[PDB]
Structures are given as structure tokens and as C-alpha cells.
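Chemist: My questions will all concern the structure given below.
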Amino acid sequence: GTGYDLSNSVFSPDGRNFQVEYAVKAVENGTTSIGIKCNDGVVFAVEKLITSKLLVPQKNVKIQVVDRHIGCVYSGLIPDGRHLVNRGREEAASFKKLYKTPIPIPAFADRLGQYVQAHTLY
Amino acid sequence: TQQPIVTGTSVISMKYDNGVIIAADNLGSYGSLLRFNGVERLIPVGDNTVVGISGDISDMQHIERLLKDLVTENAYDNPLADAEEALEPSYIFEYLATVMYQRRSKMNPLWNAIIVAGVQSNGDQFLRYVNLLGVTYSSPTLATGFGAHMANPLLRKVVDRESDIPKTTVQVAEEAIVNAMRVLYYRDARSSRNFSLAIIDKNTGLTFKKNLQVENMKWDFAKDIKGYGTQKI
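If you read the sequences in order, they're chains G and N.
In terms of the entry's author numbering, the first sequence has 91 at position 88, counting the first letter as 1, and numbering is strictly consecutive.
According to the entry's author numbering, the second sequence holds residues -8 to -1, 1 to 225 in order.
This is the structure in C-alpha cells:
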């Protein structure tokens, strides 16, 4: 029948998860942000909408650092993005703590990836 | 409740007109065995703070990485981690102090004695001590282990009351520390010739000297010492 898009872990009859797809609409409504991979590093840039002259420049920082060597930026629901960075931070500390070497980027990517995926399971 | 294994002897230090000095030899002993000669026991945190650690060296390494985590975490969501909201000597101290007293209170101490040395942002000298019991105190001179008994008396001859500090120069201060390190080498059976020294000055910032040796030792008179009483030859 209908109503496949009401609960988060539900497969629609064509095998999709509509709640995820709705979340994507919140991303699209976000301000724009980018990453440019150069020959020895990466640049991150982001659009900060100035709603009013009452805002303070440049005092609403959106780009976040994880550990000492990782930059994160996100578009969409901002508090969600901070929650994700928070988890990235704990995860990167836990990795350094045990393995001594600061977390390699693919390792770190998978850490967030497994954790984001997890919120599409229940 | 534990017992220390690999150990570091005295950390000694004082404050002069413009900042602080702190010194520590480069050795980790294994009981009577002088096992490791490369041990750096002065831990710089930032450029206004050096942390000298005596006691169990496994516990020191642990404390050492706590400090790095503390610098990393300060810089999270902080566009002022390189000014104004950078780590202050007193912050780093209160943290360590908190951990020490907490571990003691769990009956599982961090088997150490720590002296935190640096210059605060306003310019004030910071010098404080915490140990494996969480006991804390400040004085114009400070020292752990043998340093407490042999270094402090030499150092207090230079800075004997607070009013002596603006009188004491860096050269005079640095002189005392070096002589003290030599006296310790003469008389502390767990000590080492090689040592490190750090000066944190309100105008020169952090100056960290590694691989110093004890020099100018008097040993000559040993040729004249024969027997233990009546022997003439």
C-alpha cells in the first residue's frame, strides 16, 4: 500500500529508504560548500549567508578540525554536522590512543561512514 | 595501588625577574640499574609552559600524551587557540592537579611528582608543584626528590623571599640551576651527567636547551685520600 516513507529503516517496494532521501532534501536546502584536492593538500571553502548586519564577522565559524590534520565542512542541518564532527573527534582520539599514528584519512572516512550508515538501520 | 619501575630523579626549578627556569637530567633508572640515557623529562606544552616530571616513567609517558590531547582539544572550535584562548600555565596545572588527586582517591596513583613552570599571558611567573598524592604548593624555588634536600638550599640562597625575584637576573638564575645540577650529580646515586634545561622568559619566550653536561667538577683532591683511618699509603 502506502506509508513506506514514515519510518526510517523501511525498504520501499523498489528497494529505497525514503527517510534518507528526505534528509538529502535538507542538505540541498543548505548553503554551498566545497573541497578542492591539490597536489599536496586540500582546500575547503564554504558559503556563510549574512542574514543581517547584526551578525558578527568573521565570528560564526563553520569549518571544523578533527585531530590536528583533518578539515571537515558540511551543508544542511548544522547541529547534525557538529554531532558528526564530535563523533569523528572521539573516533580519531581513540585511534591515536591505541595505534599512536594519527588516523589516516580513508580510515577516518570509514569511521564517519559506518556511523552515518548506522542511523539508517533502525 | 602500584609500585614504580623505571624512574626519573630530581626536577628542580626557580623563578627570576622575568620568568622561570626548570631542569631535569636525561635518565631513567631501573632500581639500581642506570638503564636509559635518552629520557627527556621536560615536557613543553605550547610556548609559555614546560612541565618537568619525576617518578615512574610509564606514568610520565601517559601524562605526556594527556598533555598533547589537551593541546589538540583546546584548538577545537577555537579561532583563538594561538592567542587569548591559548593554553595557560595555570590551566595545565589545575588539570594535572585534578587528575593526580583523582587517581590517589581511586587508590591507583599516577606515581609521579610534577613541577609546572611557565609565564602567564599577563606576564606573571607561574611555578607550582603537584605529586602522586595531589598535594600542591608554590615557592620561589621548587624541587622533587634529592633536589628537595640539596638543590633547594642552594637555590634559596639566591631567591629566599618573593622580594628577591625582581632582583634576580636570568644569568644569576641560570647559574644557580647549573651548579645545583652538578651538586646533585656529586651526591645523588640515581642521577646523570647529561640533562636538559628550559627557560621561559616573558620577553624571550621559551628557550629549551638539550644535551647539557655537568662541567667544572672538582675531583683532584681524591688522590690525597688514602685508607679509612690509619693507612698512610
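Positions of the beta carbon are idealized from the N, C-alpha and C atoms, including for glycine.
Got a sec, what are the start and stop residues for the alpha helix (DSSP H) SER50 of chain N sits in?
Modeler: In the second sequence, counting from the first residue as 1, residue 50 of chain N sits at position 58. Where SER50 of chain N is concerned, the enclosing alpha helix (DSSP H) stretches over 49 to 66.
Chemist: Just by C-beta distance, which residues in the region 43 to 66 of chain G are closer than 9 Å to chain N?
Modeler: Result list: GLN61, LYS62, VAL64.
Chemist: What does the Cβ neighbour count give for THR5 of chain G, buried or exposed, with the cut at 16 atoms within 10 Å?
Modeler: Translated into the one-based positions of the first sequence, residue 5 of chain G becomes position 2. It counts as exposed.
Chemist: Under a CB-based cut-off of 7 Å, is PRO36 of chain N close to chain G?
Modeler: Reading the second sequence from its first residue, position 44 is the one you call residue 36 of chain N. Judged by the 7 Å Cβ criterion, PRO36 of chain N is not in contact with chain G.
Chemist: May I ask which residues mark the beginning and end of the beta strand (DSSP E) holding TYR118 of chain G?
Modeler: In the first sequence, residue 118 of chain G corresponds to position 115, counting from 1. No beta strand (DSSP E) contains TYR118 of chain G, which is instead part of the alpha helix (DSSP H) from 108 to 121.
Chemist: Pull up the CB-CB distance for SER183 of chain N and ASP17 of chain N, whole angstroms please, since I reckon it's below 8 Å.
Modeler: Along the second sequence, one-based indexing puts residue 183 of chain N at 191. Along the second sequence, one-based indexing puts residue 17 of chain N at 25. So it is a contact: roughly 6 Å between Cβ atoms.
Chemist: Whose CA, out of N:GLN223, N:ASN195, N:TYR177, N:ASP216, lies closest to the CA of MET209 of chain N?
Modeler: Translated into positions along the second sequence, residue 209 of chain N becomes position 217. The residue with the shortest Cα to Cα distance from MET209 of chain N is N:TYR177.
Chemist: Thinking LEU198 of chain N and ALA168 of chain N are a contact (beta carbons under 8 Å), I'd like their distance in whole angstroms, please.
Modeler: Walking along the second sequence from the start, residue 198 of chain N turns up at place 206. Walking along the second sequence from the start, residue 168 of chain N turns up at place 176. With 8 Å as the limit, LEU198 of chain N and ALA168 of chain N do not qualify as a contact, their Cβ atoms being about 20 Å apart.
Chemist: Could you confirm whether any beta carbon from chain G is found closer than 7 Å to the beta carbon of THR(-8) of chain N?
Modeler: Position 1 of the second sequence, counted from the first residue, corresponds to residue -8 of chain N. Not an interface residue.
Chemist: Let me confirm a value: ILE53 of chain G is counted as buried when at least 16 other C-beta atoms fall within 10 Å, else exposed. Which label applies?
Modeler: Sequence index remark: in the first sequence, residue 53 of chain G carries index 50 (1-based). Looking at its Cβ environment, which holds fewer than 16 other Cβ atoms inside 10 Å, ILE53 of chain G is exposed.
Chemist: Run the CB neighbour count on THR34 of chain G, radius 10 Å, all protein chains shown included, and call it buried at 16 or more, exposed below.
Modeler: Here residue 34 of chain G corresponds to residue number 31 of the first sequence, with the count starting at 1. Per the 10 Å Cβ criterion, exposed.
Chemist: Helix, strand or coil, according to DSSP, for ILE225 of chain N in the structure here?
Modeler: Taking the second sequence and counting its residues from 1, one reaches residue 225 of chain N at position 233. Three-state result, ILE225 of chain N: coil.
Chemist: Please look up how many angstroms separate the CB atoms of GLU65 of chain N and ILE35 of chain N, rounded, as I've assumed it's under 8 Å.
Modeler: Indexing the second sequence from 1 puts residue 65 of chain N at position 73. Indexing the second sequence from 1 puts residue 35 of chain N at position 43. At roughly 17 Å, the Cβ-Cβ gap does not stay under 8 Å, so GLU65 of chain N and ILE35 of chain N are not in contact.
Chemist: Start and end of the alpha helix (DSSP H) containing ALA26 of chain G?
Modeler: By 1-based counting over the first sequence, the position of residue 26 of chain G is 23. Per DSSP, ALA26 of chain G belongs to the alpha helix (DSSP H) from 21 to 31.
Chemist: What are the boundary residues of the alpha helix (DSSP H) that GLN94 of chain N is part of?
Modeler: Position 102 of the second sequence, counted from the first residue, corresponds to residue 94 of chain N. Segment 81 to 97, the alpha helix (DSSP H) holding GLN94 of chain N.
Chemist: Between residue 229 of chain N and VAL150 of chain N, how many whole angstroms is the CB-CB distance? I'm expecting something under 8 Å.
Modeler: Examination of residue 229 of chain N is not possible in this model, given that chain N is present from -8 through 225 alone.
Chemist: Which runs of the alpha helix (DSSP H) fall wholly inside the region 96 to 144 of chain N and span at least 4 residues, in chain order?
Modeler: You should have found no qualifying run.
Chemist: Pick helix, strand or coil for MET209 of chain N, following the three-state DSSP scheme.
Modeler: In the second sequence, residue 209 of chain N corresponds to position 217, counting from 1. Looking at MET209 of chain N - three-state DSSP - the assignment turns out to be coil, as it is neither helix nor strand.
Chemist: Does the beta carbon of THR64 of chain N come closer than 7 Å to any beta carbon on chain G?
Modeler: By 1-based counting over the second sequence, the position of residue 64 of chain N is 72. Yes - at least one Cβ of chain G is within 7 Å of the one on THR64 of chain N.
Chemist: Nearest-angstrom Cα distance between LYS40 of chain G and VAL46 of chain G?
Modeler: Residue mapping note: residue 40 of chain G aligns to position 37 of the first sequence, counting from 1. Residue mapping note: residue 46 of chain G aligns to position 43 of the first sequence, counting from 1. So the two alpha carbons sit approximately 6 Å from each other.
Chemist: Starting from the N-terminal side, write out each stretch of the beta strand (DSSP E) that is 3 residues or longer and does not extend beyond the region 8 to 43 of chain N.
Modeler: Within the region 8 to 43 of chain N, the complete beta strand (DSSP E) runs of at least 3 residues are 11 to 17, 20 to 22, 25 to 28, 34 to 36.
Chemist: Would you decide whether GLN117 of chain N is buried or exposed? Buried here means 16 or more other CB atoms lie within 10 Å of its CB.
Modeler: Looking up residue 117 of chain N in the second sequence gives position 125. Buried: at least 16 other Cβ atoms inside 10 Å.
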